[PDB]
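In structure tokens, one chain follows: the form deposited in one PDB entry.
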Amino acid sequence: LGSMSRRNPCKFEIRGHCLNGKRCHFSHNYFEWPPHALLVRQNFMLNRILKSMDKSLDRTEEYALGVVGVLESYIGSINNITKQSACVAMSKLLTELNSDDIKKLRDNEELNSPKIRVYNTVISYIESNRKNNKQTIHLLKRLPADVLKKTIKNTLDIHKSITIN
């Protein structure tokens, strides 16, 4: 008939690599895992590969707000958000976006629509931020509050927009 039983996938392994040696009784053999476990492991591992190739507001309130909450809070001068913090979070936001999405938007516009100007500006900041975020940050720090908060607002709008169409 077979064995009564099969071994379940190891939860440590689903998150990366099990560090428990032979002491461990769960399965570490991908050929016997159900698909869901293998799909979950792939997402943990992709996060790890991506983090380990990255180049270089950790407190409780900032974490709960996230980069978006911090940026929204700076624009409304609430929650005690400095301009320094808002400029780091902005780099983080720009790293999360990608130009190719701005470009699909950009080409849905009537010619010399004013929105084409804002797109190309955000696109420009993504590229710069990709090259060197530390440079890019400084650059945001020199912008006057009013214009900074407007660029930010533009970026957040596009961020949301891309994700809900």
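The first residue of the shown sequence is 1; numbering continues from there. Shifts are known only where both forms have a C-alpha. Between two forms, the rigid core is defined as the largest C-alpha subset superposing within 1.5 Å.
Although not depicted, the form deposited with a partner chain bound is the subject of the following passage.
Q: Is it the case that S124, even though its partner is missing from this view, gets within 4.5 Å of its partner chain in the entry with it bound, heavy atoms only?
A: Judged by the heavy-atom cut-off of 4.5 Å, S124 is in contact with its partner chain in the entry with it bound.
Q: Test of understanding: in the entry with it bound, would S128 fall inside 4.5 Å of its partner chain by heavy atoms?
A: Yes, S128 sits close enough to its partner chain in the entry with it bound that at least one of its heavy atoms falls within 4.5 Å.
Q: Do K150 and its partner chain share at least one heavy atom pair within 4.5 Å in the entry with it bound?
A: Looking in the entry with it bound, residue contacts with its partner chain include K150, since a heavy atom lies within 4.5 Å.
Q: Does any heavy atom of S113 come within 4.5 Å of a heavy atom of its partner chain in the entry with it bound?
A: Output for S113 is no: heavy atoms all beyond 4.5 Å of its partner chain.
Q: Residue runs between this form and the one not shown with every C-alpha shifted 2 Å or more, at least 3 long, rigid core fitted, in sequence order please.
A: Core-superposed, the single displaced stretch is 4-7.
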